[PDB]
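>>> Any chance you could fold what I've pasted below:
(2 chains)
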Amino acid sequence: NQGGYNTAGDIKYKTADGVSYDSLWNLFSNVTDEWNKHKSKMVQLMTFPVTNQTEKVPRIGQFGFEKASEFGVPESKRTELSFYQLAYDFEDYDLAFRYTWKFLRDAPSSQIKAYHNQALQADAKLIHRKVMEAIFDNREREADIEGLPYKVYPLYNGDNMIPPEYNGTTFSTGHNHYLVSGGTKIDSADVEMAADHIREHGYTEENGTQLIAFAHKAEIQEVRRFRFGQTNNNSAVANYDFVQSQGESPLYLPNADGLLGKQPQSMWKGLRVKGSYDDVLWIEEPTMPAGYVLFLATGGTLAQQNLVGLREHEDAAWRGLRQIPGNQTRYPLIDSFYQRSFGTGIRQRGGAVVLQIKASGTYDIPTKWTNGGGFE
Amino acid sequence: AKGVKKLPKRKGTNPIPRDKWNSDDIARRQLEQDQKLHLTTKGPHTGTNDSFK
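Residues are numbered from 1 along each chain as shown, chains lettered A, B, ... in the order given. This is the structure:
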């Protein structure tokens, strides 16, 4: 970045060809930024505003009758309940805008308005980063809430939570959703493995869900070459075939034995869809780092709520992005602050999978989304 | 009329076949009942945390 007080000497009046810098700053003073609209949409569809609930209450035991008698009396019956809850992080962030009395006398108003428009875009970058590292950083976090400690969670990460049983399949401790592909390029066995790691917890197409995969171009260009019974990368053989979305470039159907998949519609949630393999929709996601895929469940019975909970401050006077008046004023120096505070956690620890394409070893957190790394 | 019905054939794109069953429909209907087994709470704002994982 660039920083410190704005000074006379930072003011430019006209270019060498006589264009005023006021007219140049007036291009930036009011425009929305298309890239920060995209990042804001990724937050909107990947988060929910936190509300307080138990997790799903485990079902009570069931009774059975006894064969009666004319002299005796029957044996007695009983049951018991249990429940639990999960928590969410919170943190405070702030920026400064320091000036000199000469700068505010002499600078164009368009530059001040441009600095304000850039603070709103610094907020969009912060919230987006903090949502994405809630998903991609596979480490458990401590939080203190009202002076008590709590644990707040990524997806299943090889920890001692046991996922609940579904349709008679019982999971162990050490269940994990941060998967390594075991090969330099993605293949259909990686995609089928990852989608089944979601669908074993419920989240299936019969329960009315859609799975989505968000991926970088380097992995989509492998996936769109999967064809039924043909070999892929790493000697995998595809069990389905990739069907283009109706809006893609034209393609000849390869055989009278037509494609094993339904054709996707043009868009999901206002994002353009490349196509589908298995029943998952693939989306070219420009924010995604190169070696990674995010698989995500949506809709149906079990995924009506988005993956990441956003916690804001409990009092409305401290919610949102705020301007604080600052404590150098009028002359010789002027100061002003922007402040925002919020945090994040995952409730549905099985509702998504992160797959990393690398040859061997453990999962690596993407550097751009390591929890300590920065604020963008 | 003729006694023979012409069978349907694979169109250019054709949906993934998934077996319907009665046992899977029981499980599907049970899960949309189990999805009502939640209570709203006062959150972590209670001076105690022993129901939290």
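
>>> hey, let's count contacts and neighbours off CA atoms from now on
OK.

>>> So for the chain, the centremost residue is which one?
All of this refers to chain A. The centre of chain A sits closest to residue A:132, judged by Cα atoms, centre = their mean, with a distance of 4.4 Å.

>>> right idea, wrong chain: chain B
residue B:28 (4.6 Å).

>>> Return the backbone torsion pair for the residue nearest to the centre of chain A.
phi -70, psi -40 (degrees, to the nearest 10).

>>> cool, and the one 10 residues further on?
Note on residue A:142: its backbone torsions stand at phi -80, psi 150 [degrees, to the nearest 10].

>>> can you check residue A:211 too?
According to degrees, to the nearest 10, residue A:211 has phi -90, psi 140.

>>> burial of residue 18, as a residue count?
Using chain A here. Using other Cα atoms under 10 Å in any protein chain shown, residue A:18 has 8 neighbouring residues.

>>> nope, chain B
Counted with other Cα under 10 Å, residue B:18 comes out at 8.

>>> The closest residue to residue A:49 other than its chain neighbours and residue A:188, how far apart?
Counting by Cα to Cα, 6 or more residues apart in numbering or on different chains, residue A:310 is the residue found nearest to residue A:49 once chain neighbours are left out, at 5.0 Å. Between residue A:310 and residue A:188 the computed distance is 34 Å (Cα to Cα, to the nearest Å).

>>> what's the answer for residue A:259, then?
16 Å.

>>> Show the contacting residues for the residue lying closest to residue A:181 once chain neighbours are set aside.
Excluding its sequence neighbours, the residue lying closest to residue A:181 (Cα to Cα, 6+ apart) is residue A:357, at 5.1 Å. Residue A:357 makes contacts with A:180-186, A:291-292, as judged by Cα atoms under 8 Å, 6 or more residues apart in numbering or on different chains.

>>> Just the buried subset of the residues you listed, please.
The neighbour-count test (16 or more other Cα atoms under 10 Å in any protein chain shown) marks A:180-182, A:185-186, A:291-292 as buried among those.

>>> Return the member of these nearest to chain B.
residue A:186 (22.0 Å; Cα to the nearest Cα).

>>> In which helix or strand does the closest one reside?
Assignment of secondary structure by DSSP states H and E places residue A:186 within no helix or strand.

>>> Next, give phi and psi for it.
Note on residue A:186: backbone dihedrals following degrees, to the nearest 10 are phi -60, psi 150.

>>> again with the one 10 residues further on
Residue A:196 adopts backbone torsions of phi -70, psi -30, taken as degrees, to the nearest 10.

>>> Quick check: the gap between it and residue B:28.
18 Å.

>>> now the helices: where do they sit in the chain?
No chain in the question, so chain A it is. A:21-28, A:34-46, A:101-106, A:109-136, A:188-199, A:217-223 (DSSP state H).

>>> Hmm, no, I was thinking of chain B.
B:22-34.

>>> what does it have sitting close to chain A?
Within chain B, the positions near chain A by Cα under 8 Å from any Cα of the partner chain are B:10-16, B:27-28, B:31-32, B:34-35, B:37-45, B:47-49, B:51-53.

>>> near chain B, which residues of chain A?
So chain A meets chain B at A:52-58, A:83-87, A:145-146, A:148, A:150-151, A:167, A:206-207, A:243, A:253, A:256-263, A:278-279, A:301-302 (Cα under 8 Å from any Cα).

>>> Among the residues of chain B next to chain A, name the buried ones.
Counted by 16+ other Cα under 10 Å, the residues of chain B next to chain A give B:12-14, B:28, B:31, B:43-44, B:49, B:52 as buried.

>>> hmm, back to that, from what I see, the residue nearest to the centre of chain B and residue A:207 are in contact.
Yes - Residue B:28 is within contact range of residue A:207, at 6.4 Å (criterion: Cα atoms under 8 Å).
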